[PDB]
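Before any comments, here is the structure.
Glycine gets a Cβ as well: all are built from the backbone with ideal geometry, and neighbour counts include every protein chain shown. Throughout, read-outs are computed from the coordinates displayed, never taken from laboratory work.
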Amino acid sequence: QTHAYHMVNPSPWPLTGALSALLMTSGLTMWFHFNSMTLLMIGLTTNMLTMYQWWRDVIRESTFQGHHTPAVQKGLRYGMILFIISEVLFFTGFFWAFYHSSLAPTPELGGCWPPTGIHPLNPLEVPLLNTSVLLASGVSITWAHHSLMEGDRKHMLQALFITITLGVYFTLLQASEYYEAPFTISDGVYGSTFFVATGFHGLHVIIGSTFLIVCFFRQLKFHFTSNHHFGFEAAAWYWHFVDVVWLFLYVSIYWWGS
Amino acid sequence: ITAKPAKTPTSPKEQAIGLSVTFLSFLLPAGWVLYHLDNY
Amino acid sequence: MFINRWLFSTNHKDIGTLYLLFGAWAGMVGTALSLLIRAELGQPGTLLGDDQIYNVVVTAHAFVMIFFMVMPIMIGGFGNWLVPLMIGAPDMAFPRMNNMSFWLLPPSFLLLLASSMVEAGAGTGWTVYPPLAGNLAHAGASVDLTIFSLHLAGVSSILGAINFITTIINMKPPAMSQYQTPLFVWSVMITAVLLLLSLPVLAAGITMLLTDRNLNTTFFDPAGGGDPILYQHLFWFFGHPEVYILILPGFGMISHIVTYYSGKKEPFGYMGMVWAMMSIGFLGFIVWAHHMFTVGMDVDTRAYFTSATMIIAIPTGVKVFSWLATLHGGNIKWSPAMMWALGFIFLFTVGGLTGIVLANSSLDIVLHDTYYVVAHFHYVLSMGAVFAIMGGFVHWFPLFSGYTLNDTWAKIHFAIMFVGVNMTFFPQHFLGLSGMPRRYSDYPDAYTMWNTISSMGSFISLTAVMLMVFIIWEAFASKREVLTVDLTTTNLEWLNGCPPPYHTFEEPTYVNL
Amino acid sequence: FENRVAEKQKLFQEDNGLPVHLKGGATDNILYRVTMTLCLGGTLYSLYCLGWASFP
Amino acid sequence: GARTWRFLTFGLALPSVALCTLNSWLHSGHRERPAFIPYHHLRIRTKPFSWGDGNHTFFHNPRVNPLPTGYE
Amino acid sequence: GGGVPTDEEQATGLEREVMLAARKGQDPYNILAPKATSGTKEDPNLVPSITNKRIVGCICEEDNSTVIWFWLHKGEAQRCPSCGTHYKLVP
Amino acid sequence: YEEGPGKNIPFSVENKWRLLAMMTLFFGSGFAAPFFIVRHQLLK
Amino acid sequence: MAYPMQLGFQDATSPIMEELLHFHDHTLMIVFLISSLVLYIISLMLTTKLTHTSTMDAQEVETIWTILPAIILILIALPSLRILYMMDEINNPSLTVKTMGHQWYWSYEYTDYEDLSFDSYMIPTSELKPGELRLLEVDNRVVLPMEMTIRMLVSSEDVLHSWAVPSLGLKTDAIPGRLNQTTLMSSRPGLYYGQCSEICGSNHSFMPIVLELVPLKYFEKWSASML
Amino acid sequence: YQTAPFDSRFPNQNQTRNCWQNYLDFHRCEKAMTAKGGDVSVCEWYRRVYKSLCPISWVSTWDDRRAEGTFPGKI
Ligand code: HEA
Ligand code: HEA
Ligand SMILES: CCCCC/C=C\C/C=C/C/C=C\C/C=C\CCCC(=O)O[C@H](COC(=O)CCCCCCCCCCCCCCCCC)COP(=O)(O)OCCN
Ligand SMILES: CCCCCC/C=C\CCCCCCCCCC(=O)O[C@H](COC(=O)CCCCCCCCCCCCCCC)COP(=O)(O)OC[C@@H](O)CO
Ligand SMILES: CCCCCCCCCCO[C@@H]1O[C@H](CO)[C@@H](O[C@H]2O[C@H](CO)[C@@H](O)[C@H](O)[C@H]2O)[C@H](O)[C@H]1O
Ligand SMILES: CCCCCCCCCCO[C@@H]1O[C@H](CO)[C@@H](O[C@H]2O[C@H](CO)[C@@H](O)[C@H](O)[C@H]2O)[C@H](O)[C@H]1O
Ligand SMILES: C[C@H](CCC(=O)O)[C@H]1CC[C@H]2[C@@H]3[C@H](O)C[C@@H]4C[C@H](O)CC[C@]4(C)[C@H]3C[C@H](O)[C@]12C
Ligand SMILES: [Zn+2]
């Protein structure tokens, strides 16, 4: 080859991924209708094994084998941006559901928002703490980025550790707020919009925190250079996305919707 | 486009066999089902 | 070796071939479903004696034709085969993720065929509206298996869209601007942008339906303060872009086929064609509620959706006139692919014009949920997508295979299909104007003559489909090896021979500034 | 910790014809076999589950 | 610089989290649960949940989440 | 405070080859668009190849949307069949 | 991997009669499936 | 109702259905003309051995084939929107009738004065009286006064349905939790038929609508007799 | 009184809030009148309008919820 692009070794992970999707969906079917978790627990396991080996191989191809030329890195930049756009449009559907229900509350709700018998959380208590936590983590991840670019290993690790700690704090606060909430997912469209929108956001915080932990261990093992660290950039972009979705949820559901 | 003559020519008789077998593979199973609908 | 090559592929050509095989198999399923529809309607009374089964057949017909036949063939098959070759790229940007887009579709298809086999199937229509699709009126696993089928097809096409956009932006020769890429490549980039933005909104909506069915949410349930009409907005916010997704790669293939068989180096008005496809893609996001003119929306909302929908005719007209201007002065070669492309131009135009009738909300009150709508979309979508697919298949078969079709057989195939689809769908205009509802298993006696003729048409297209399988067999059976192809100087995908080597453009093209 | 990237670069560039998913050694083969066994076995079980659920 | 973003992390961002942590800390303690009223738009049950007895939400809190029939 | 490797210390494989060639102003992996000569038979466009033929795309005039594609073979200069611009292979 | 006509496909075209059998089964199974699905739903 | 071999719309029963017929004639002329012009131009491009294969300049012609279509769309839009706003205009109804969709039948409520309500089911084929229409007759017709503005309100007590009467130009979706309004005015006495127009499950084909349009005095006596 | 006149507060195809508002207005008025022991006849206009517009099953369900103490509107 006299081009700069990556011809990938034939791989089994696309097939194991596709089959993990089949086992997770048929498993959810088997859990909702046939009172059994077996298929679902096989699908979740094969999904985690697929993700582990696939992203392991990407690290082998880049850090260990040198296939990530500037042209390859530019492609991964576009791929991550486009992935984030698709996730924004997914959240857009839930925000549309929320505004649709809350701007024209039906007679069943008492014709008001919040509905009769719903006692929203105080947005100035734990939801405000959660906002401070994710905004703070957007500052610390930025410190981590500049430390890496400046070649500072210790400060990159401390900043990234702080960022992960804040992600975990957010997740534990949210778990606690779920448990304390006097309303449930079954409390009409208020509970439906609240738990499904904040729940998908919670999942993205766990995914993003996991991605940052992956970057933390790769940094411990010296994988990143001061100039080449796309896994870190991608995790930082994803982390800013999670922050920004939170700001929209906080303003829409917690504050305006209270 | 230009092309070589057939490396393994398919005579008119061979084409009638291929066409017949193709049509039967579509028609017999569907025909069996539709013929037996009353029975189902 | 077989498993490494066909199950573990990282090769755009072999993955394209997997998509074409999958889509052809899907087309046989979708055709069988279509013939069962027309058999139920081919005489007055009941054939199946079970209208839940009729509704399941209608629903599966649409999902198979849209998600397993058209999108895999156009984007997965032609897109994977042609896009890298047309920009001199060595493969797709994400050649391993590309294989997962492919392998998600057999499981998606399996979940759809499971939906039809458990309980009484999903007899919902392909729109899957609650409360009919809810856990009271469709208790049990069928609708959830349909939702999961759509989730896997959705992930397949989202990752595919990321792949195509990245490939087309990032992997052209450095001298090649976006305004030096072929129209087929434009058509795939625009389709990929529509998929990227539209499928996540479908995913959100069908996820809400899943939670209403299984976790006691009430997004669409008025008892909880929900609204069935919210589902319809989310579905059609996806579903209008989806109909442009179904035709755009067809527009791209038609531009190449008309150019090629006119003996031209280039399509008429290249930048106009780029403008038209981008305009259609943008306007395709702001018209969805023309699927909802009878749900009770405000008059001003209806006036807006009527007006915005009609605007799409302007860019679309530029494409139709640009195809005719490409023919103008051509050394016309009457190949079977040219016949498909000319049939496309005519039949697409008829369907597009009945869409402009439907855009008028006032008239749509009377045409909505009638066979007039079924006639509109079988012209513009069914014949449009299928004619472009058959044109592209007969044109590029020798590139993909290294063998020629029998052109006389391929012209016979075209002639039978042209008769069958017009006999099938043209009378459905009369059924719609005269008020026959769609999604019906039986009809008042007055509607018998047109339903009889329509069902007889459906059998003519069956004969064409069976002949098509024989024609593909005859080509592989006879093994006429390609020698020379004309116009390689403006059709880069042919310049590496037939078929091209597994690895092409290992040494990239030389293009200076 | 110490920077051992050079020793991993030597291992993954070794001219042994192995695909990247198996180039780490015997542990890769094991995790591959576990993954594919769970996927193929899981898939056969899902087909059994369909057979079961297809009848009342 | 890293120096500036560290200054912001420790000088503004974490002091904010500490102040909001204080605010939350001071406004915690269980508020009195309201009178149970069996409103038909709440405690929705169209299908049993796929866990427990089918009638308990996933993060059911006996103190503040009534069943369709009232507090446990 | 150091401890982060540089590309100079740790880049490997093709990434390193591209890095080292660029420092020397060389482009063996075709990252840059080549600059045209006058393209006369005396001053042909020089087309590097690792083999005895390579595909040329000719954008005959600035902002043409149509690219003219042809195989350039080792030996005598060949001409773009649209504009007659000369190209010569340098294997 | 084998390159060239009849070699860039997951099915053999070495024998036109075995190929006819394979194409029969492939397209035939797809076209038959819906008829057997209707039969299945009618027999429940 | 439709008659055998019908090509176009049912004859108009209401002034707005008359307006839609004239609007469809205008639009269909344009559809015919454009369809025909495209087929003719295809055939003109394909019927000469004369050639011109060099690069063709596009900008002059692209003006023609954006401006002409823009004008044609405005010539469709103008009468289209006149009719849309005419339907929507304030008419002051004399009577309100509600219909509720169900799997698989319509109920009707006339509650301006008395509590009048009843179910309306398809007559089974095996029970049709000689001369009666398969899949179209109901046991209990929707009796209404002719030559009067009537407010119809449409909802559902289960899944989506859609209340349609083609000869009056009517189609309003029946959505649970929603009350959709339309107006009905028949120029003539008689029987006017329609069919459920939203897929509502296995008997979607078999829950029709029969309006019986009679003088006010007959409507009043029928109403009294139905309590 | 023939039927409910056009109400400029509810000019669109969705008449759900018109039915709801008139049902609330009747029951608010009947409570205000019964409470002072004035005459429920002043409430008659609201009664005629909600009976004209509101589906029987809606009124029936709302009446049952007022008697149960689960009516979510303010009366
Ligand atoms: C390939 C797929 C495809 C394409 C491209 C289109 C294109 C268009 N469609 Fe269609 N449509 C569908 C597939 C498609 N449609 C499907 C599947 C449904 C139903 C879904 C369901 O309910 O199941 C549907 C339904 C649908 C409806 C809803 C009807 C109803 O349910 O009541 C409407 C409403 O406006 C609409 C309009 C249009 C219009 C205005 C265009 C325009 O884009 C057409 C533009 C083209 C032309 C106009 C012809 C060429 C132009 C000229 C020659 C220039 C000159 C022309 C003029 C001046 C007019 N279509
Ligand atoms: C691409 C989309 C597509 C295609 C191709 C078709 C094809 C056909 N459709 Fe339709 N159809 C829909 C999309 C499509 N359909 C949708 C979306 C609905 C609405 C469902 C709902 O209401 O919910 C519908 C509904 C619908 C109805 C209305 C049902 C009702 O309202 O009750 C009818 C009635 O006749 C019909 C008939 C047919 C017929 C006879 C064919 C064909 O038989 C016509 C001939 C075409 C072929 C035979 C295709 C052959 C192609 C291949 C075999 C692929 C070959 C592959 C390669 C070469 C690589 N379909
Ligand atoms: C701290 C936040 C972290 C979130 C993780 C927690 C739990 C499971 C995973 C969550 C994933 C996100 C959303 C899915 C939907 C529902 C969960 C919403 C969040 C949540 O956890 O909601 C809880 C309900 O959970 C329930 O039903 C639980 C239901 C569990 C089953 C999940 C169903 C799976 C749905 C399929 C997903 C489809 C994916 C689409 C992909 C797109 C492809 C195109 C709320 O508890 P409660 O007791 O009702 O109220 C509190 C009262 N004290
Ligand atoms: C425990 C909870 C279970 C729930 C399921 C999902 C859970 C966890 C997923 C966590 C995501 C981890 C992703 C780790 C990726 C590691 C590989 C990597 O980061 O690879 C990098 C490339 O980036 C790349 O591929 C970028 C690839 C990025 C992909 C990540 C995107 C997020 C994935 C979301 C997945 C599901 C979302 C579904 C929600 C609907 C490698 O290039 P560099 O870093 O430049 O290194 C090279 C240098 O060393 C040279 O000097
Ligand atoms: C929409 C797609 C369908 C298109 C129409 C299909 C065209 C018909 C193809 C022939 O199908 C066969 O027809 C036979 C009858 O002609 C059937 O034999 C049946 O009838 C015979 C004659 O009575 C008996 O001898 C057999 O036992 C009995 O199975 C046989 O099963 C069936 O396969
Ligand atoms: C690596 C290869 C892949 C591995 C495949 C393994 C397949 C073996 C799974 C065992 O099957 C289980 O059998 C249980 C019965 O013994 C079921 O219990 C469930 O079903 C019971 C049936 O009464 C009920 O009691 C409850 O729903 C529940 O306990 C359960 O659903 C089912 O999964
Ligand atoms: C001593 C060691 C040096 C690592 C190295 O240079 O190889 C240091 C550098 C940065 C340290 C980490 C960061 O300072 C952040 C964390 C600080 C906590 O007090 C302990 C864990 C914690 C996650 C540290 C673990 C470990 O001691 C690290 C990794
Ligand atoms: Zn040139």
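Please tell me which of these pairs span more than 22 angstrom C-alpha to C-alpha: B:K13/G:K16; C:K13/F:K88; C:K479/H:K49?
Working: B:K13/G:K16 14 Å; C:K13/F:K88 31 Å; C:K479/H:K49 34 Å.
Listed pairs above 22 Å: C:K13/F:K88; C:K479/H:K49.
For region C:487-500, what does the Karplus curve 6.51 cos²θ - 1.76 cosθ + 1.60, with θ = phi - 60°, yield as ³J(HN,Hα) per residue in whole Hz, taken in order and with x for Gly and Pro?
Going residue by residue, I get 6, 4, 5, 10, 8, 3, 4, 7, 6, 9, x, 10, x, x Hz, with x marking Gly and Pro.
Give me the number: length gained by fully extending H:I71 to H:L46, i.e. 0.36 nm times residue separation minus the C-alpha to C-alpha distance, one decimal in nm.
Extending this stretch completely gives an extra 6.1 nm.
Residue by residue through A:150-163, how many Cβ atoms from other chains fall within 10 Å of the Cβ on average?
That works out to 4 on average.
Taking the beta-carbon count within 10 Å as an exposure proxy, list C:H12, A:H33 from fewest neighbours to most.
Details: C:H12 24, A:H33 20.
Ranked by crowding around the Cβ, least crowded first: A:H33, C:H12.
I:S57 to H:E132: FRET efficiency via 1/(1 + (r/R0)^6), r the Cβ-Cβ distance, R0 30 Å, to the nearest 0.05?
After rounding to 0.05, the efficiency reads 0.45.
Per residue Cα convex hull volume for chain F, in cubic angstrom?
Normalising the Cα hull of chain F by residue number yields 144 Å³.
Determine which residues of region C:264-306 fall in the zone a paramagnetic label at C:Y179 would reach in this model, i.e. backbone nitrogen under 18 Å from the point 7 Å along Cα→Cβ.
In region C:264-306, the label zone of C:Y179 (backbone N under 18 Å from the point 7 Å along Cα→Cβ) covers C:266-279.
Starting from the coordinates of the alpha-carbon atoms of chain I, obtain the Kirkwood hydrodynamic radius over all distinct pairs and give the value in Å to one decimal.
Kirkwood hydrodynamic radius for chain I: 13.1 Å.
Would you mind pulling out the separation of the Cα centroids of chain D and region F:1-21, in Å?
When both Cα centres are located, 30 Å separates them.
Calculate how steeply helix A:13-33 sits against the longest principal axis of the alpha-carbon atoms of chain A, using the helix alpha-carbon long axis, and give the answer as 0 to 90 degrees to the nearest 10.
Value to nearest ten degrees: 20.
How far apart, in nm, are the 7 Å Cα→Cβ label points at I:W45 and H:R188?
4.2
When we measure straight from the Cα of C:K172, which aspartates and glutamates land under 15 angstrom away, once same-chain ones fewer than 8 places off are left out?
C:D91, C:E493, C:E506, C:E507
Take the protein assembly as shown, drop everything but the C-alpha atoms, weight them equally and run the Debye formula without solvent; then report log10 I(q)/I(0) at 0.06 Å⁻¹ to two decimals.
So the normalised log intensities are -0.60.
Specify the angular offset, from 0 to 90 degrees and rounded to the nearest 10, of the alpha carbon long axis of helix D:26-53 from the longest principal axis of the alpha carbons in chain D.
Relative to chain D, helix D:26-53 is tipped by roughly 10 degrees.
Once you list every other residue whose beta carbon is under 12 Å from the beta carbon of H:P215, what net charge do they have if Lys and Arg are +1 and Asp and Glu are -1?
0
Residue farthest toward the positive end of the dipole of the protein assembly as shown, with Cβ of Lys/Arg at +1 and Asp/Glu at -1: which of B:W32, I:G73, A:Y99?
About the Cα centre, the residue reaching furthest to the positive side is B:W32.
For region C:14-26, what does the Karplus curve 6.51 cos²θ - 1.76 cosθ + 1.60, with θ = phi - 60°, yield as ³J(HN,Hα) per residue in whole Hz, taken in order and with x for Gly and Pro?
These are the phi-based 3J(HN,Hα) values: 5, 5, x, 4, 4, 4, 5, 5, 4, x, 5, 4, 4 Hz.
At a Förster radius of 45 Å, what calculated FRET efficiency corresponds to the Cβ-Cβ distance of C:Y304 and E:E72, to the nearest 0.05? Working shown, then result.
Details: r = 52 Å, r/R0 = 1.15.
After rounding, the FRET efficiency stands at 0.30.
Seen from all sides and averaged, what is the projected area of the convex hull of the Cα atoms in chain G, in nm²?
4.3
Per residue of A:124-135, how many C-beta atoms from partner chains lie within 10 Å of its own C-beta, taken as a mean?
Details: counts 4, 7, 5, 2, 3, 9, 2, 3, 11, 6, 1, 4.
For peptide A:124-135, the averaged partner shielding equals 5.
May I ask for the net charge around F:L89, where only other residues with Cβ less than 14 Å from the Cβ of F:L89 are counted and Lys, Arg are +1 while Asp, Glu are -1?
+3
Calculated FRET efficiency, F:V90 and D:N16, Cβ-Cβ r, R0 35 Å, to nearest 0.05?
0.45
Compute the Rg to Rh ratio over region A:104-258 from the alpha carbon atoms, using the Kirkwood formula for Rh, and round to two decimal places.
Taking Rg over the Kirkwood Rh, I get 1.09.
Taking N as the number of residues in region A:1-158, what is its Cα Rg relative to 2.2 N^0.38 Å?
1.53
If we count GluC sites (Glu not before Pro) as exposed when they sit in a DSSP loop and have at most 15 other beta carbons within 10 Å, what is the longest stretch of chain F that avoids them all?
Answer - F:1-41.
Report Rg/Rh for region C:108-217, rounded to two decimals, where Rg is the Cα radius of gyration and Rh the Kirkwood radius.
Numbers: Rg = 18.4 Å, Rh = 15.8 Å.
Radius of gyration over Kirkwood radius for region C:108-217 works out to 1.16.
Could you let me know the centre-to-centre spacing of region I:20-56 and chain G, using Cα atoms, in angstrom?
71
Out of residues 5 or more away from F:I55 or on other chains, whose amide H comes under 5 Å of its own, with H placed 1.01 Å from N in the peptide plane?
C:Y510, F:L72
For the pair I:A35 and G:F26, how long in nm is the line joining their label points, each one 7 Å along Cα→Cβ?
8.0
Which semi-axes, in whole Å and largest first, does the equivalent ellipsoid of region A:1-67 have when worked out from the alpha carbon gyration tensor as the square roots of 5 times its eigenvalues? List each step's numbers first, then the result.
Numbers: eigenvalues 238, 24, 8 Å².
Ellipsoid half-lengths, sorted descending, are 34, 11, 6 Å.
A:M37 label point, 7 Å along Cα→Cβ, cut-off 16 Å on backbone N: hits in region E:28-64?
Within reach of a label on A:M37: E:49-60.
Could you calculate the contour length gain from C:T463 to C:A223, that is, 0.36 nm times the residue separation minus the distance between their Cα atoms, to one decimal place in nm?
81.3 nm
Which of C:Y54, C:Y443 comes first, and how do the rest follow, when ranked by fewest Cβ neighbours within 10 Å?
C:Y443, C:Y54
Starting from the alpha-carbon convex hull of region E:13-72, give the projected area averaged over all orientations, in nm². Present the calculation step by step, with values, prior to reporting the outcome.
Details: hull surface 26.3 nm².
Convex hull of Cα atoms, orientation-averaged projection: 6.6 nm².
Take every residue in peptide C:288-297, count the Cβ atoms of other chains within 10 Å of its Cβ, and give the average of those counts.
Details: counts 0, 0, 0, 0, 1, 3, 13, 10, 15, 4.
Mean partner-chain Cβ count within 10 Å for C:288-297: 5.
Using label points projected 7 Å from each Cα along Cα→Cβ, tell me how many nm separate B:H36 and G:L43, to one decimal.
Going by the 7 Å Cα→Cβ label model, 0.6 nm.
Between region H:51-98 and region C:303-328, what is the C-alpha centre distance in whole Å?
Taking the Cα centre of each part, region H:51-98 and region C:303-328 sit 12 Å apart.
Against the longest principal axis of chain C, how steep is helix C:51-63, in degrees 0 to 90 to the nearest 10, with axes from Cα atoms?
30
Could you give the length gained by full extension between A:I207 and A:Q1, i.e. 0.36 nm per residue of separation minus their alpha carbon distance, to one decimal place?
70.5 nm is the gain from fully extending A:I207 to A:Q1.
Hey, which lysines would be in cross-link range of A:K154, C-alpha to C-alpha under 30 Å, not counting anything within fewer than 8 residues on its own chain?
A:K74, A:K221, D:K8, D:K10
Taking +1 at the Cβ of each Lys and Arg and -1 at the Cβ of each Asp and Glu, which of H:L81, F:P44, C:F348 sits farthest along the dipole of the protein assembly as shown towards its positive end, judged by Cα position relative to the Cα centre?
It is F:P44, whose Cα lies furthest towards the positive end.
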